[PDB]
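Analysis of the macromolecular model
Here is what each chain is made of, one letter per residue.
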Amino acid sequence: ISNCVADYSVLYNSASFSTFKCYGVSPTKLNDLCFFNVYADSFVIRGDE
Amino acid sequence: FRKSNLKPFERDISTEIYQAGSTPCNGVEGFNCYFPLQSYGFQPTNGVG
Amino acid sequence: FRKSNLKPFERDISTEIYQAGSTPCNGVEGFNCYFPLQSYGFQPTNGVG
Amino acid sequence: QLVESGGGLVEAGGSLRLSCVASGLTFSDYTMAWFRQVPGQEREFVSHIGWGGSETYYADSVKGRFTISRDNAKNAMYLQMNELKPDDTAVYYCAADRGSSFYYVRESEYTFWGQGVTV
Amino acid sequence: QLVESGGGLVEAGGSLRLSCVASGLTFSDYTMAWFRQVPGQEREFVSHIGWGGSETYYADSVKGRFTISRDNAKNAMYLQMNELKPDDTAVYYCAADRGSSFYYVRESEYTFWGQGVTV
């Protein structure tokens, strides 16, 4: 993901997520600091893993 | 799923619901609560291994 | 099945036949030779986990 | 895994200090929380602290009363009470996790859990 | 895992000594073997040694010629040749396992395998 406005509000109001965990950064202070690229890695696994 | 490694020559037939997280299950089999007795996918078309 | 642990942010789509023992397989998928791409048993009647 | 200290009978208005010590975690890249247990009812959330202590939240029924803090020099964090109402007498549970979650109120978002404080 | 030594060009009738050193095994509760590799053909079995060396077997085409031995003081065993026919020039592979098998001739019954000796 590159060359766009990185709004995270969609990930905030959406209460159907079973897990939203953040590492190294705050789950809410993401909009303040920004970088070159955003990578989205999407796949399907089982709940046990 | 099991809390501790089995002592040699010990059989455990208990089918209690496993608590993987921190919320006790009390036998509900839901989120973060699993049934340890997994079945086997045995079909003639499987590979040798 | 894989020889070595995956380096972070590395994808391995190779479907080579795994050699678990000491006899090289050369792509036969027989005894002590396995196909690493295991499928998932996804059915609606599964438990939550 | 998570050994905790503190707790006891209080004078219903004084102050108390609770601690939770990690014995097998680095404690420098982990985020903890405080949860409350009441018999006959579900598990309640009270307090939460992020890495270092620069981003902390508190419950709506406890905001403004209790203070949270952490210190890496001993692999432990300190929770201090200031009101101790005769309604908050309950069972105290110390949680921890590698990261911080948006659904930080959910109990399922804390893989690690400690022992219990005196009811 | 299994580092082995020995091998080279021979005078076609002299003697040679081969060794296989275990670097990450206790070697006191493990059983090894010797297998032979020829290009264009399958893997062949030659020699086998049990715990200590009190129960050793040899191939029907090699019986009476080569001697096997082991010693735990250095985590290695010694294979010594006495004939070295111009037909046995092949690739040497050192195997090992926790136990000894009735189907000790089968290559699949040796989970651990070493490096190769010069052809």
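Residues numbered from 1 in each chain as written, not as in the entry; some residues may be left out. Chains lettered and ligands numbered in written order. Part of a larger assembly, values for the part shown. Heavy atoms only, no water.

- cryo-EM is the method the PDB entry lists for this structure, together with a resolution of 3.3 Å.

1. Some details on the state of the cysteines
- Applying the stated criterion across every chain yields a total of 4 disulfides over all chains.
- Between the sulfur atoms of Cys25 of chain C and its disulfide partner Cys33 of chain C the distance amounts to 2.0 Å. Looking along the S-S bond of the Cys25 of chain C-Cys33 of chain C disulfide, the torsion reads about -95 degrees, which is the left-handed sense.
- You can call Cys33 of chain C buried: its relative accessible area is 6%.
- There is a disulfide in this structure between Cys20 of chain D and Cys94 of chain D, and the S-S distance comes to 2.0 Å. Between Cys20 of chain D and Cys94 of chain D the sulfur-sulfur dihedral comes to about -80 degrees; the bridge is accordingly left-handed. (Disulfide = S-S within 2.5 Å. Buried < 20%, exposed > 50% of the residue type's maximum accessible area, 1.4 Å probe, protein only.)

2. Comments concerning the pairing of strand β3 (residues 31–37) of chain E
All names here are of chain E.
- With 7 of its 7 residues buried, β3 lies for the most part within the structure.
- Side chains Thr31, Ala33, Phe35 and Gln37 of β3 all project onto a buried face; the interleaved residues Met32, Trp34 and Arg36 project onto the opposite face, where all are buried too.
- In terms of strand pairing, β3 meets strand β8 (residues 91–97) through 7 bridges, oriented antiparallel. Along β8, the bridge assignment pairs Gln37 with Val91.
- Taken together, the 6 bridges between β3 and strand β4 (residues 43–49) define a ladder with antiparallel strand orientation. The residue of β4 that forms the bridge with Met32 is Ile49. (Helix = DSSP H or I, 4+ residues; strand = E, 2+ residues; numbered from the N terminus. Pairing = 2+ DSSP bridges.)

3. What about the sheet that holds strand β1 (residues 2–6) of chain D?
Residues and elements named next belong to chain D.
- The sheet built from 4 strands is open, its strands ordered β1-β2-β7-β6 with antiparallel pairing. With partners counted over all chains shown, the strands left at the sheet margins are β1 and β6 (67–71), one partner each. Between one strand and the next, the sheet's axes are offset by a mean angle of 15 degrees, whatever the strand orientation.
- Here 5 bridges tie β6 to strand β7 (residues 76–81), and the two strands are oriented antiparallel to one another. Bridge pairing links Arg70 to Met77 in β7. (Axes fitted to C-alpha atoms, helices over the stretch in contact; angles between N-to-C directions.)

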